[PDB]
């Protein structure tokens, strides 16, 4: 029968994507309740209590919110990363958690390449820049975004090396240290896990050749900020460009001319990626309620 699906997006989807979500879900017979640009946690807690399913972006979904959603059966993250969702609380609540792999890939990959050019070209200000062609790119974390970044970089004429902790691919280095020792530009795509939290720090970054640049379109917390600050102070040649702005104000204060962060994570903030991710999320909800389909489930629990 009819289910209530709450869409929790502090950073709203494009109008056309919201249209697409509502069309898929209403036609399946469900109620859609939008919780957009909310400013307080109580907004979510109040409206989730009655929900059968949830669509979320990067919004924090913690134990308190999960426990409030007493009849939530499924949470779909429209997008890739799910570090924002307390997975263990969902396990205890017997809630299926899924994402929509690859739907955002092109918005993120195009931004990544754009930032690499911007970073190498003094943020489009005056001065002597450099070209990506004939430089070595290290793709740190290999999935849907990394493959697209590789394709674009190959057209640009970069030489490519790849690191990933779990999958096997071409041009792959065994150790992350090798990626930093051998590549002039690093593009970060690692998910945020226990293992990757604070992993990109002083000892890794110091290995970069002269004029090294790190582009981060992944997550802010994979950086060891103290460590990155320390090496950037020591190596005035290093550039850091990121779609996931650091917590520390030091970057903007001290490293003008070789640091840039977006005001908010805009990698997936395109019409095309919103449509892809939002509609995949709606389709996957509904398929779950119709057929019990659990493809792309990221957690696992008993009974």
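Numbering follows the first chain given and starts at 1.
Looking at mean Cα B-factors across 259 to 267 and 31 to 39, the upper value is held by 31 to 39. According to the PDB record, 69 to 77 carries the higher mean C-alpha B-factor of the two stretches 119 to 127 and 69 to 77.
For the set 106, 84, 187, 169, the PDB entry puts the maximum C-alpha B factor at 169. Based on the entry's C-alpha B-factors, the most elevated value among 276, 252, 242, 58 belongs to 252. When the modelled residues of the chain are ordered by C-alpha B-factor, residue 228 sits in the lowest third.
Residue 209 sits in the highest third of its chain by CA B factor, as recorded in the PDB entry.
Among the modelled residues of its chain, residue 136 has a C-alpha B-factor that falls in the lowest third, as given in the PDB entry. Annotation for residue 216: CA B-factor lies in the lowest third of the chain's modelled residues. Annotation for residue 222: C-alpha temperature factor in the lowest third relative to the rest of the modelled chain, per the entry.
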